[PDB]
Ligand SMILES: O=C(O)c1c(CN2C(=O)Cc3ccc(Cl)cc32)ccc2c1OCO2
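Just the one chain here, laid out as structure tokens, in the form deposited without the named molecule.
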């Protein structure tokens, strides 16, 4: 579980927000892309795995699970690519609630920047710092304990 991440795709302003959640901590990384493609998802995972010790990724949908480009990136980066079927039924709700919360924060910062990507990174900041520990503190502690 220190190495388990979940992909999540949500939409705002006609754009796509791609999110990776570290399941055990709730820590997130996110980016804005014009549309979800295999190449964009692959590049996002490459970035993620260079920054955190990503062992397993639960993909957000069947297209990214199938994508040969995503599979290639996971091979390159030493990631076990898995499906994202909510075997635990709590998972749907948790991701739903995360997207709602993220969109709420984005709304609270949206008039502080021209570009959606800026607002999204502000929201990532606020989410990861929110406390009692923050998600950023939890991920570091979990991984440090594992090392």
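Residue numbers count along the first chain shown, from 1.
Student: In terms of residues present in the deposited sequence but not modelled, what lies between residue 131 and residue 132: none, 1 to 3, 4 to 9, or 10 or more?
Tutor: Gap between residue 131 and residue 132: 4 to 9 residues without coordinates.
Student: Mean Cα B factor from the PDB record: higher for 83 to 91, or higher for 63 to 71?
Tutor: Averaging CA B-factors over each stretch, the winner is 83 to 91.
Student: I need to verify one thing: averaged over C-alpha atoms only, is the B-factor higher for 29 to 37 or for 117 to 125?
Tutor: Between 29 to 37 and 117 to 125, it is 29 to 37.
Student: Based on the entry's values, in what third of the chain does the Cα temperature factor of residue 4 lie: lowest, middle or highest?
Tutor: For residue 4, the deposited C-alpha B-factor lands in the middle third.
Student: Considering every modelled residue of the chain and its Cα B-factor in the PDB entry, is residue 20 in the lowest, middle or highest third?
Tutor: According to the entry, residue 20 has a C-alpha B-factor in the chain's lowest third.
Student: Splitting the chain's C-alpha B-factors into thirds, which one does residue 100 fall into?
Tutor: Within its chain, residue 100 is a highest-third residue by C-alpha B-factor, going by the deposited values.
In what follows, reference is made to the form solved in complex with the named molecule, a form of this protein that is not presented.
Student: Though only this chain appears here, would residue 26 touch the named molecule in the deposited complex if you measure heavy atom gaps against 4.5 Å?
Tutor: Contact with the named molecule, yes.
Student: I'd like to know whether residue 82 contacts the named molecule in the deposited complex, with contact meaning heavy atoms within 4.5 angstroms.
Tutor: Result no; residue 82 lies far from the named molecule in the deposited complex.
Student: Mind listing which residues of 66 to 100 have a heavy atom within 4.5 Å of the named molecule in the deposited complex?
Tutor: The stretch touches the partner through 94, 95, 97, 98.
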